[PDB]
file my_file24.tsv (TSV, C-alpha atoms and all ligand atoms)
chain	number	residue	atom	x	y	z
V	11	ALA	CA	126.03	227.47	120.52
V	12	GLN	CA	127.29	224.61	122.68
V	13	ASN	CA	126.30	224.48	126.41
V	14	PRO	CA	123.99	227.52	126.26
V	15	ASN	CA	122.79	227.08	129.87
V	16	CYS	CA	126.50	227.26	131.05
V	17	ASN	CA	126.42	224.04	132.95
V	18	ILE	CA	129.55	222.57	134.54
V	19	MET	CA	130.73	219.77	132.24
V	20	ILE	CA	132.57	216.62	133.34
V	21	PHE	CA	135.06	214.94	130.99
V	22	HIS	CA	136.47	211.42	130.95
V	23	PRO	CA	139.44	211.50	128.51
V	24	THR	CA	140.96	208.24	127.41
V	25	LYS	CA	144.65	207.65	127.92
V	26	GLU	CA	145.25	208.58	124.32
V	27	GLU	CA	143.28	211.80	124.68
V	28	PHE	CA	145.32	212.60	127.87
V	29	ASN	CA	148.54	213.00	125.94
V	30	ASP	CA	148.13	216.38	124.44
V	31	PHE	CA	147.02	218.93	127.10
V	32	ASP	CA	146.47	221.90	124.80
V	33	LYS	CA	144.45	219.83	122.36
V	34	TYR	CA	142.15	218.53	125.11
V	35	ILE	CA	141.47	222.03	126.50
V	36	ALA	CA	140.56	223.11	123.01
V	37	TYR	CA	138.28	220.05	122.68
V	38	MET	CA	136.49	220.86	125.93
V	39	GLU	CA	135.93	224.41	124.70
V	40	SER	CA	134.54	223.04	121.35
V	41	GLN	CA	131.87	221.38	123.49
V	42	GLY	CA	131.07	224.63	125.35
V	43	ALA	CA	132.81	223.80	128.64
V	44	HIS	CA	134.15	227.31	129.15
V	45	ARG	CA	130.72	228.81	129.23
V	46	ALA	CA	130.33	227.47	132.81
V	47	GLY	CA	133.62	229.00	134.01
V	48	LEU	CA	134.68	225.62	135.46
V	49	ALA	CA	135.01	222.00	134.21
V	50	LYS	CA	135.90	218.72	135.86
V	51	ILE	CA	138.35	216.25	134.24
V	52	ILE	CA	138.47	212.67	135.56
V	53	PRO	CA	141.86	211.18	134.47
V	54	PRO	CA	141.89	207.75	132.70
V	55	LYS	CA	142.12	204.81	135.01
V	56	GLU	CA	145.68	204.03	133.79
V	57	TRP	CA	147.00	207.40	135.04
V	58	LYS	CA	148.52	208.37	138.33
V	59	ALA	CA	150.10	211.61	139.63
V	60	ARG	CA	152.74	209.78	141.70
V	61	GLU	CA	153.16	206.35	143.32
V	62	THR	CA	152.16	207.18	146.94
V	63	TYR	CA	151.54	210.07	149.29
V	64	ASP	CA	153.20	208.25	152.22
V	65	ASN	CA	156.25	210.48	152.39
V	66	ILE	CA	154.88	214.11	152.35
V	67	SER	CA	154.81	214.83	156.09
V	68	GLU	CA	158.04	216.74	156.18
V	69	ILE	CA	156.98	219.43	153.67
V	70	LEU	CA	156.98	222.79	155.56
V	71	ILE	CA	154.09	225.18	155.64
V	72	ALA	CA	156.19	228.28	156.48
V	73	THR	CA	153.23	230.60	156.95
V	74	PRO	CA	149.94	228.90	157.80
V	75	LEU	CA	147.06	231.32	157.54
V	76	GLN	CA	144.16	231.50	160.06
V	77	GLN	CA	141.11	232.65	158.18
V	78	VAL	CA	139.11	234.99	160.45
V	79	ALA	CA	135.66	236.03	159.25
V	80	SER	CA	133.59	239.22	159.77
V	81	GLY	CA	130.01	239.84	158.68
V	82	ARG	CA	126.95	237.64	158.50
V	83	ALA	CA	126.75	233.93	157.69
V	84	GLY	CA	126.00	234.42	154.02
V	85	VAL	CA	127.91	237.66	153.38
V	86	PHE	CA	131.31	237.97	155.01
V	87	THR	CA	134.93	238.83	154.52
V	88	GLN	CA	137.95	236.93	155.79
V	89	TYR	CA	141.41	238.12	156.75
V	90	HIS	CA	144.45	236.00	156.98
V	91	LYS	CA	146.31	235.92	160.27
V	92	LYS	CA	149.81	234.52	159.97
V	93	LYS	CA	150.69	231.57	162.31
V	94	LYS	CA	153.93	229.88	163.18
V	95	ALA	CA	155.45	227.39	160.73
V	96	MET	CA	154.52	223.81	160.85
V	97	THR	CA	155.10	220.63	158.85
V	98	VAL	CA	152.43	218.89	156.79
V	99	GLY	CA	152.41	216.09	159.43
V	100	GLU	CA	151.82	218.63	162.16
V	101	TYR	CA	149.11	220.38	160.11
V	102	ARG	CA	147.34	217.05	159.35
V	103	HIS	CA	147.21	216.30	163.10
V	104	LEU	CA	145.80	219.76	163.72
V	105	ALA	CA	143.14	219.36	160.99
V	106	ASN	CA	142.04	216.03	162.63
V	107	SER	CA	141.84	217.52	166.13
V	108	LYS	CA	138.51	217.93	167.85
V	109	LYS	CA	138.69	221.74	167.41
V	110	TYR	CA	139.12	221.56	163.58
V	111	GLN	CA	137.86	218.23	162.32
V	112	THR	CA	134.93	217.78	159.91
V	113	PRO	CA	131.65	217.18	161.87
V	114	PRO	CA	129.50	214.21	161.36
V	115	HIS	CA	127.37	214.59	158.27
V	116	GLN	CA	125.02	212.67	155.95
V	117	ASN	CA	126.28	213.60	152.54
V	118	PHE	CA	127.93	216.52	150.71
V	119	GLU	CA	124.70	218.55	150.72
V	120	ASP	CA	124.36	218.26	154.52
V	121	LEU	CA	128.00	219.34	154.92
V	122	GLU	CA	127.44	222.28	152.58
V	123	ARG	CA	124.48	223.39	154.73
V	124	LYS	CA	126.63	223.16	157.82
V	125	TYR	CA	129.46	225.15	156.14
V	126	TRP	CA	127.19	228.07	155.27
V	127	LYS	CA	125.45	228.05	158.62
V	128	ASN	CA	128.54	227.93	160.75
V	129	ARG	CA	131.66	228.99	158.87
V	130	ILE	CA	131.85	232.48	160.34
V	131	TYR	CA	131.98	231.16	163.91
V	132	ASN	CA	135.27	229.37	163.38
V	133	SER	CA	138.73	230.33	162.14
V	134	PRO	CA	140.28	227.38	160.20
V	135	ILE	CA	143.98	227.36	159.28
V	136	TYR	CA	144.91	227.04	155.55
V	137	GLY	CA	148.41	226.08	154.20
V	138	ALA	CA	148.05	228.00	150.96
V	139	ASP	CA	150.16	229.17	148.21
V	140	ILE	CA	153.29	226.99	148.84
V	141	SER	CA	155.60	226.87	145.79
V	142	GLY	CA	156.21	223.25	144.82
V	143	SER	CA	154.81	220.12	143.17
V	144	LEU	CA	153.73	216.59	144.10
V	145	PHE	CA	153.71	215.24	140.56
V	146	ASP	CA	156.37	212.62	139.92
V	147	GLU	CA	158.85	213.78	137.32
V	148	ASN	CA	158.09	210.70	135.32
V	149	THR	CA	154.35	211.53	135.02
V	150	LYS	CA	154.20	212.75	131.46
V	151	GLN	CA	150.49	213.56	131.11
V	152	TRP	CA	148.82	216.48	132.92
V	153	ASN	CA	151.82	217.13	135.07
V	154	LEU	CA	151.15	220.63	136.40
V	155	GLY	CA	154.88	221.36	136.73
V	156	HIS	CA	155.50	220.61	132.99
V	157	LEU	CA	152.93	222.74	131.28
V	158	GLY	CA	153.74	225.29	128.51
V	159	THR	CA	154.43	228.59	130.22
V	160	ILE	CA	152.24	231.69	129.94
V	161	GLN	CA	155.35	233.68	128.89
V	162	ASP	CA	155.89	231.30	126.02
V	163	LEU	CA	152.19	231.47	125.03
V	164	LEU	CA	152.34	235.32	124.96
V	165	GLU	CA	155.47	235.07	122.88
V	166	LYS	CA	153.99	232.59	120.49
V	167	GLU	CA	150.80	234.66	120.01
V	168	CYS	CA	152.10	238.16	120.02
V	169	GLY	CA	155.83	237.82	119.16
V	170	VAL	CA	157.24	239.58	122.22
V	171	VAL	CA	159.67	237.81	124.51
V	172	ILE	CA	159.18	238.60	128.18
V	173	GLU	CA	160.75	237.85	131.57
V	174	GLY	CA	158.95	235.72	134.17
V	175	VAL	CA	158.28	232.24	135.26
V	176	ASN	CA	155.18	230.09	135.89
V	177	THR	CA	155.38	227.39	138.68
V	178	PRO	CA	152.76	225.44	140.64
V	179	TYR	CA	151.52	225.92	144.14
V	180	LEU	CA	150.43	223.51	146.86
V	181	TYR	CA	147.45	224.01	149.16
V	182	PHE	CA	146.96	222.07	152.38
V	183	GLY	CA	143.36	222.45	153.63
V	184	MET	CA	141.13	221.56	156.53
V	185	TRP	CA	137.42	221.70	157.25
V	186	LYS	CA	135.99	225.15	156.51
V	187	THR	CA	139.13	226.52	154.81
V	188	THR	CA	137.76	228.93	152.26
V	189	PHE	CA	138.67	230.42	148.90
V	190	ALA	CA	137.01	233.77	148.36
V	191	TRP	CA	135.24	234.92	145.16
V	192	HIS	CA	137.82	235.72	142.48
V	193	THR	CA	138.98	235.36	138.94
V	194	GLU	CA	142.61	234.53	138.23
V	195	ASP	CA	145.36	237.12	137.86
V	196	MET	CA	144.99	238.73	134.45
V	197	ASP	CA	141.81	236.54	134.02
V	198	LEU	CA	144.06	233.51	133.23
V	199	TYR	CA	142.91	229.91	133.30
V	200	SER	CA	143.72	227.80	136.33
V	201	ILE	CA	144.01	224.05	136.76
V	202	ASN	CA	143.74	222.37	140.14
V	203	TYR	CA	144.47	218.73	141.00
V	204	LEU	CA	143.20	217.35	144.29
V	205	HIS	CA	146.08	215.00	145.25
V	206	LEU	CA	144.67	213.51	148.41
V	207	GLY	CA	142.21	213.72	151.22
V	208	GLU	CA	138.75	215.16	151.59
V	209	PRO	CA	136.75	216.98	148.92
V	210	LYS	CA	136.65	220.61	147.78
V	211	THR	CA	133.29	222.21	146.92
V	212	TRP	CA	133.33	224.89	144.19
V	213	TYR	CA	130.93	227.63	143.17
V	214	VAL	CA	131.30	229.39	139.80
V	215	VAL	CA	129.68	232.20	137.80
V	216	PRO	CA	129.65	231.86	133.96
V	217	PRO	CA	132.16	234.32	132.38
V	218	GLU	CA	129.39	235.94	130.38
V	219	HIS	CA	127.71	236.89	133.68
V	220	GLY	CA	130.71	237.94	135.71
V	221	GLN	CA	129.72	241.59	135.81
V	222	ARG	CA	126.45	240.57	137.60
V	223	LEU	CA	128.49	239.14	140.41
V	224	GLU	CA	130.66	242.29	140.51
V	225	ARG	CA	127.59	244.54	140.78
V	226	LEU	CA	126.20	242.46	143.64
V	227	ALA	CA	129.55	242.51	145.40
V	228	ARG	CA	129.69	246.32	145.18
V	229	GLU	CA	126.23	246.43	146.82
V	230	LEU	CA	127.12	243.95	149.56
V	231	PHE	CA	130.56	245.31	150.38
V	232	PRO	CA	130.02	249.03	149.91
V	233	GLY	CA	133.10	250.30	151.90
V	234	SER	CA	135.38	247.91	150.03
V	235	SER	CA	133.95	249.01	146.72
V	236	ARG	CA	134.68	252.67	147.49
V	237	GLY	CA	138.23	251.72	148.39
V	238	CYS	CA	138.95	249.93	145.12
V	239	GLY	CA	137.31	249.59	141.74
V	240	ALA	CA	138.44	245.89	141.57
V	241	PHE	CA	138.27	244.83	145.17
V	242	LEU	CA	137.43	241.19	144.39
V	243	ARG	CA	141.13	241.05	143.35
V	244	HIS	CA	141.81	241.21	147.12
V	245	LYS	CA	140.39	237.70	147.48
V	246	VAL	CA	138.55	238.28	150.75
V	247	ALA	CA	134.79	238.35	150.01
V	248	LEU	CA	132.33	235.50	150.41
V	249	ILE	CA	128.69	235.36	149.27
V	250	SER	CA	126.62	232.21	149.84
V	251	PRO	CA	124.61	230.32	147.27
V	252	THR	CA	121.43	231.34	149.08
V	253	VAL	CA	122.31	235.03	148.73
V	254	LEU	CA	123.32	234.59	145.08
V	255	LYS	CA	119.91	232.90	144.38
V	256	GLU	CA	118.03	235.67	146.22
V	257	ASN	CA	119.75	238.20	143.99
V	258	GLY	CA	119.26	236.32	140.72
V	259	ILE	CA	122.99	235.72	140.06
V	260	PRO	CA	123.60	232.81	137.70
V	261	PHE	CA	125.97	230.22	139.19
V	262	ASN	CA	126.71	226.52	139.48
V	263	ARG	CA	128.29	224.26	142.06
V	264	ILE	CA	130.22	221.00	142.05
V	265	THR	CA	132.31	218.92	144.46
V	266	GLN	CA	135.84	217.83	143.47
V	267	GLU	CA	137.19	214.61	144.95
V	268	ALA	CA	140.71	213.28	145.28
V	269	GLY	CA	142.16	212.24	141.95
V	270	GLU	CA	140.16	214.79	139.93
V	271	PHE	CA	141.20	217.92	138.03
V	272	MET	CA	139.25	221.16	137.81
V	273	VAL	CA	139.91	223.82	135.19
V	274	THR	CA	138.73	227.39	135.64
V	275	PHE	CA	138.31	229.44	132.48
V	276	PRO	CA	139.16	233.11	131.82
V	277	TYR	CA	136.94	235.46	133.80
V	278	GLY	CA	135.12	232.56	135.56
V	279	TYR	CA	134.55	233.81	139.11
V	280	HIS	CA	134.87	231.00	141.64
V	281	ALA	CA	134.81	230.37	145.40
V	282	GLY	CA	134.62	227.33	147.65
V	283	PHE	CA	135.63	225.39	150.68
V	284	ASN	CA	137.43	222.25	151.80
V	285	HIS	CA	135.61	219.36	153.54
V	286	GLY	CA	138.51	218.23	155.70
V	287	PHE	CA	142.25	217.62	155.52
V	288	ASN	CA	143.40	217.67	151.87
V	289	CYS	CA	146.16	218.68	149.53
V	290	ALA	CA	145.68	220.34	146.14
V	291	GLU	CA	148.13	221.61	143.48
V	292	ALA	CA	147.23	224.43	141.12
V	293	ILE	CA	148.81	226.64	138.47
V	294	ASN	CA	147.73	229.31	136.02
V	295	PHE	CA	147.97	228.75	132.26
V	296	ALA	CA	147.02	230.46	129.01
V	297	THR	CA	145.80	229.52	125.53
V	298	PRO	CA	145.29	231.66	122.44
V	299	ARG	CA	141.73	232.39	123.54
V	300	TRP	CA	142.97	233.95	126.77
V	301	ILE	CA	144.77	236.88	125.12
V	302	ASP	CA	141.60	238.92	124.63
V	303	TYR	CA	140.63	238.37	128.25
V	304	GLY	CA	144.07	239.39	129.44
V	305	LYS	CA	143.82	242.65	127.52
V	306	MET	CA	140.49	243.49	129.21
V	307	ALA	CA	141.19	242.22	132.74
V	308	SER	CA	140.47	244.59	135.61
V	309	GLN	CA	143.10	245.55	137.83
V	310	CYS	CA	143.52	246.55	141.53
V	311	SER	CA	145.82	249.58	141.85
V	312	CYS	CA	144.93	250.44	145.53
V	313	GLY	CA	147.82	248.44	146.83
V	314	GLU	CA	145.95	245.59	148.42
V	315	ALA	CA	146.14	242.83	145.78
V	316	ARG	CA	150.00	242.59	145.59
V	317	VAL	CA	150.99	239.82	143.15
V	318	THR	CA	153.83	237.89	141.59
V	319	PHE	CA	156.75	239.14	139.64
V	320	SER	CA	155.50	237.70	136.38
V	321	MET	CA	152.30	239.84	136.27
V	322	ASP	CA	154.38	242.90	135.51
V	323	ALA	CA	155.09	241.91	131.93
V	324	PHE	CA	151.46	240.84	131.29
V	325	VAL	CA	150.23	244.30	132.30
V	326	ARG	CA	153.07	246.08	130.52
V	327	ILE	CA	152.49	244.37	127.17
V	328	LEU	CA	148.72	243.76	127.20
V	329	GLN	CA	147.58	246.87	129.12
V	330	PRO	CA	150.16	249.62	128.52
V	331	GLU	CA	147.68	252.44	129.36
V	332	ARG	CA	147.06	250.92	132.83
V	333	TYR	CA	150.67	249.99	133.50
V	334	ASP	CA	151.93	253.12	135.30
V	335	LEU	CA	148.93	253.22	137.72
V	336	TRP	CA	149.04	249.49	138.39
V	337	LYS	CA	152.80	249.53	139.06
V	338	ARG	CA	152.36	252.40	141.59
V	339	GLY	CA	149.94	250.01	143.40
V	340	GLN	CA	152.69	247.37	143.38
V	341	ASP	CA	155.21	249.92	144.94
G	1	LIG	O1	142.01	225.48	146.13
G	1	LIG	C1	141.99	226.71	146.48
G	1	LIG	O2	142.09	227.14	147.69
G	1	LIG	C2	141.85	227.83	145.52
G	1	LIG	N1	142.10	227.39	144.12
G	1	LIG	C3	141.82	228.12	143.08
G	1	LIG	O3	141.24	229.27	143.18
G	1	LIG	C4	142.18	227.62	141.74
G	1	LIG	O4	142.67	226.50	141.58
G	1	LIG	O5	141.98	228.50	140.83
G	2	MG	MG	158.08	214.98	153.35
G	3	NI	NI	141.35	230.40	141.52
G	4	ZN	ZN	142.48	247.08	145.43
call {"tool": "encode", "arguments": {"input": "my_file24.tsv", "output": "structure tokens"}}
result
Amino acid sequence: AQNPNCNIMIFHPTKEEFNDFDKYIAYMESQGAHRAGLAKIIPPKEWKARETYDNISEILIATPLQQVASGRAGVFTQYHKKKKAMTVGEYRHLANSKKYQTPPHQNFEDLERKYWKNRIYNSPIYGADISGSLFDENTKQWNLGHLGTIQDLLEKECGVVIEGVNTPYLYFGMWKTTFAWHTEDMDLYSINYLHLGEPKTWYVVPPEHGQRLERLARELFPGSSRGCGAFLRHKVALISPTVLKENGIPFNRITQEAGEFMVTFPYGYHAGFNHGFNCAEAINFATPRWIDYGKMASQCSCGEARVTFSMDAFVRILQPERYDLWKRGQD
């Protein structure tokens, strides 16, 4: 069995290997990359996402989200308070202000220590989930707006044509902006490209151990767990690496830098934080190996998780027994 300790693997494809996206994902899986839940892909030196980032300041962040924490430093939830619209140039200036800027630090490990010590005492503002793309249309390799769609994959594998679309999303971050513990909708893959700026630190639980994280989360968030049998779908709970280690939960960590891709694999729980002002692009995707995970994915039906239009068909076709209850949660 390849990668039996479920370590995060880092890949350096050549320009020739960067042509065929599906083939390279399958290659990484042949080497055991999925067992970690997360892999890093460093593009060949010949590749670029676009020519420059000098002209992005006028993108609008219609609904910036202030991430307010509750709990203790290592075990907390966050809620998202909506703020007034602002441009990317306005948000960059805000991120660099004395109130929000990255503190002085020695290295990524020092900054990580500072994040976990102090995150709860601040409320950073995240420009998340903005439909759009920063890949140039002429970038032919690993262009996250030109991937095979999940609807087409389901149709290819299972024969059923379904409605829905699959487009990327932009994320503008600042110091301490946080992504809570989650797997993807319908336990899909995700791919995330860090276009510019400061790093993003990731934590991940191997897919084979995801239920250990779920059991800990039910213990640590007992009111939330009574409210919903899949409350991590709400994307609000944080647990620190120190608490995971105290409770014996297997996990790994890695820092993504500008110019790097990360892939999350089906049922790979992940969480993390941004080091400072940055911009990432991410999208969900599927392969043949995903279908069995999609069929088994948990679902939130309490009403909180509320998701995209295109999840309806995935539930309807892959999980017909759960469909009626899930759709009630959507309405
Ligand atoms: O970058 C973020 O805030 C969150 N990203 C992801 O969870 C992802 O790419 O799957
Ligand atoms: Mg612009
Ligand atoms: Ni994710
Ligand atoms: Zn729920």
call {"tool": "closest_atom_pairs", "arguments": {"input": "my_file24.tsv", "of": "chain V", "to": "ligand LIG 1 (chain G)", "cutoff": "7 Å", "atoms": "all atoms listed in the file", "output": "JSON lines"}}
result
{"residue": "V:138", "atom": "CA", "partner": "G:LIG1", "partner_atom": "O2", "distance": 6.9}
{"residue": "V:181", "atom": "CA", "partner": "G:LIG1", "partner_atom": "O2", "distance": 6.4}
{"residue": "V:188", "atom": "CA", "partner": "G:LIG1", "partner_atom": "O2", "distance": 6.5}
{"residue": "V:189", "atom": "CA", "partner": "G:LIG1", "partner_atom": "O2", "distance": 4.9}
{"residue": "V:194", "atom": "CA", "partner": "G:LIG1", "partner_atom": "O5", "distance": 6.6}
{"residue": "V:200", "atom": "CA", "partner": "G:LIG1", "partner_atom": "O5", "distance": 4.9}
{"residue": "V:201", "atom": "CA", "partner": "G:LIG1", "partner_atom": "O4", "distance": 5.6}
{"residue": "V:202", "atom": "CA", "partner": "G:LIG1", "partner_atom": "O4", "distance": 4.5}
{"residue": "V:274", "atom": "CA", "partner": "G:LIG1", "partner_atom": "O5", "distance": 6.2}
{"residue": "V:280", "atom": "CA", "partner": "G:LIG1", "partner_atom": "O3", "distance": 6.8}
{"residue": "V:281", "atom": "CA", "partner": "G:LIG1", "partner_atom": "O3", "distance": 6.9}
{"residue": "V:290", "atom": "CA", "partner": "G:LIG1", "partner_atom": "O1", "distance": 6.3}
{"residue": "V:292", "atom": "CA", "partner": "G:LIG1", "partner_atom": "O4", "distance": 5.0}
{"residue": "V:293", "atom": "CA", "partner": "G:LIG1", "partner_atom": "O4", "distance": 6.9}
call {"tool": "write_last_selection", "arguments": {"input": "my_file24.tsv", "atoms": "C-alpha atoms", "output": "tab-separated table (two decimals), keeping the file's coordinate frame"}}
result
chain	number	residue	atom	x	y	z
V	138	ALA	CA	148.05	228.00	150.96
V	181	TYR	CA	147.45	224.01	149.16
V	188	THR	CA	137.76	228.93	152.26
V	189	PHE	CA	138.67	230.42	148.90
V	194	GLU	CA	142.61	234.53	138.23
V	200	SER	CA	143.72	227.80	136.33
V	201	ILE	CA	144.01	224.05	136.76
V	202	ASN	CA	143.74	222.37	140.14
V	274	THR	CA	138.73	227.39	135.64
V	280	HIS	CA	134.87	231.00	141.64
V	281	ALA	CA	134.81	230.37	145.40
V	290	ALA	CA	145.68	220.34	146.14
V	292	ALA	CA	147.23	224.43	141.12
V	293	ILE	CA	148.81	226.64	138.47
call {"tool": "closest_residue", "arguments": {"input": "my_file24.tsv", "among": "V:163, V:272, V:83, V:180", "to": "residue 125 in chain V", "atoms": "all atoms listed in the file"}}
result
V:83
call {"tool": "residues_near_ligand", "arguments": {"input": "my_file24.tsv", "ligand": "ligand ZN 4 (chain G)", "cutoff": "10 Å", "atoms": "all atoms listed in the file", "output": "VMD selection string"}}
result
chain V and resid 234 to 245 309 to 316 336 339
call {"tool": "closest_atom_pairs", "arguments": {"input": "my_file24.tsv", "of": "chain V", "to": "ligand MG 2 (chain G)", "cutoff": "8 Å", "atoms": "only C-alpha atoms and all ligand atoms", "output": "JSON lines"}}
result
{"residue": "V:65", "atom": "CA", "partner": "G:MG2", "partner_atom": "MG", "distance": 5.0}
{"residue": "V:66", "atom": "CA", "partner": "G:MG2", "partner_atom": "MG", "distance": 3.5}
{"residue": "V:67", "atom": "CA", "partner": "G:MG2", "partner_atom": "MG", "distance": 4.3}
{"residue": "V:68", "atom": "CA", "partner": "G:MG2", "partner_atom": "MG", "distance": 3.3}
{"residue": "V:69", "atom": "CA", "partner": "G:MG2", "partner_atom": "MG", "distance": 4.6}
{"residue": "V:98", "atom": "CA", "partner": "G:MG2", "partner_atom": "MG", "distance": 7.7}
call {"tool": "atom_distance", "arguments": {"input": "my_file24.tsv", "atom1": "CA of residue 203 in chain V", "atom2": "CA of residue 259 in chain V"}}
result
27.4 Å
call {"tool": "closest_residue", "arguments": {"input": "my_file24.tsv", "among": "V:158, V:47, V:99, V:53", "to": "ligand NI 3 (chain G)", "atoms": "only C-alpha atoms and all ligand atoms"}}
result
V:47
call {"tool": "atom_distance", "arguments": {"input": "my_file24.tsv", "atom1": "CA of residue 96 in chain V", "atom2": "atom NI of ligand NI 3 (chain G)"}}
result
24.3 Å
call {"tool": "residues_around", "arguments": {"input": "my_file24.tsv", "residues": "residue 111 in chain V", "least_positions_apart": "2", "cutoff": "8 Å", "atoms": "only C-alpha atoms", "output": "PyMOL selection string"}}
result
chain V and resi 105-109+113+184-185+286
call {"tool": "closest_residue", "arguments": {"input": "my_file24.tsv", "among": "V:318, V:250, V:143, V:211", "to": "residue 59 in chain V", "atoms": "all atoms listed in the file"}}
result
V:143
call {"tool": "residues_around", "arguments": {"input": "my_file24.tsv", "residues": "residue 204 in chain V", "least_positions_apart": "3", "cutoff": "6 Å", "atoms": "all atoms listed in the file", "output": "list in words"}}
result
residues 268, 269, 270 and 290 of chain V
call {"tool": "residues_around", "arguments": {"input": "my_file24.tsv", "residues": "residue 37 in chain V", "least_positions_apart": "4", "cutoff": "12 Å", "atoms": "only C-alpha atoms", "output": "MDAnalysis selection string"}}
result
chainID V and resid 12 21 23 27:28 30:33 41:44
call {"tool": "write_last_selection", "arguments": {"input": "my_file24.tsv", "atoms": "C-alpha atoms", "output": "PDB file, in the coordinates of the input"}}
result
ATOM      1  CA  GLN V  12     127.290 224.610 122.680  1.00  0.00           C
ATOM      2  CA  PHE V  21     135.060 214.940 130.990  1.00  0.00           C
ATOM      3  CA  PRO V  23     139.440 211.500 128.510  1.00  0.00           C
ATOM      4  CA  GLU V  27     143.280 211.800 124.680  1.00  0.00           C
ATOM      5  CA  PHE V  28     145.320 212.600 127.870  1.00  0.00           C
ATOM      6  CA  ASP V  30     148.130 216.380 124.440  1.00  0.00           C
ATOM      7  CA  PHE V  31     147.020 218.930 127.100  1.00  0.00           C
ATOM      8  CA  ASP V  32     146.470 221.900 124.800  1.00  0.00           C
ATOM      9  CA  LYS V  33     144.450 219.830 122.360  1.00  0.00           C
ATOM     10  CA  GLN V  41     131.870 221.380 123.490  1.00  0.00           C
ATOM     11  CA  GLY V  42     131.070 224.630 125.350  1.00  0.00           C
ATOM     12  CA  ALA V  43     132.810 223.800 128.640  1.00  0.00           C
ATOM     13  CA  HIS V  44     134.150 227.310 129.150  1.00  0.00           C
TER      14      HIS V  44
END
call {"tool": "atom_distance", "arguments": {"input": "my_file24.tsv", "atom1": "CA of residue 341 in chain V", "atom2": "CA of residue 232 in chain V"}}
result
25.7 Å
